[PDB]
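Quick heads-up: it's one chain on its own, the form deposited in one PDB entry, in structure tokens.
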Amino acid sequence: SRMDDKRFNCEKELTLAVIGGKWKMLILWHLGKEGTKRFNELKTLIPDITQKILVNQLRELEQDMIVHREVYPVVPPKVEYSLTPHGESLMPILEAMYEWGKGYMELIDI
């Protein structure tokens, strides 16, 4: 696994290691609330990300068994990304963080 080397003082740090990476929560959000997307579709939904980084974050999310990757032997190539059942289990946490973020922004910019 990715986290075989790491030493944690809490299982929460492990969750953070799965979703903490720079763009991962944005990726997981789009896949969990819009279903399956091909690579170039994710890249258009996330314009500021570079190609090497988008694939890297997707690969780490796949090694963590959070994201499923499906390659089809077609021309032009076709690769689909979607959430695994464990990825789906991460959605309640992501939603909680979305609502907490909205509530936090209210109080700091008034």
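Here the rigid core means the biggest group of C-alpha atoms that line up within 1.5 Å when the two forms are laid on top of each other. Start at 1 and count along the sequence shown; that's the residue number.
The same protein also has a form deposited in another entry, omitted here; what follows describes it.
Would the C-alpha of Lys78 be classed as shifted by 2 Å or more between this form and the one not shown after rigid-core alignment? Where the cores coincide, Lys78 still shows a C-alpha shift between this form and the one not shown that is 2 Å or more.
Compare the CA separation of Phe8 and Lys52 in that other deposited form with the one in the displayed structure, and answer closer or farther (the difference is at least 3 Å). Compared with the shown chain, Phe8-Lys52 is farther in that other deposited form.
Note whether the distance between the C-alpha atoms of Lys52 and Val75 decreases (closer) or increases (farther) in that other deposited form, against the displayed form; the change is 3 Å or more. Relative to the shown form, the pair is farther apart.
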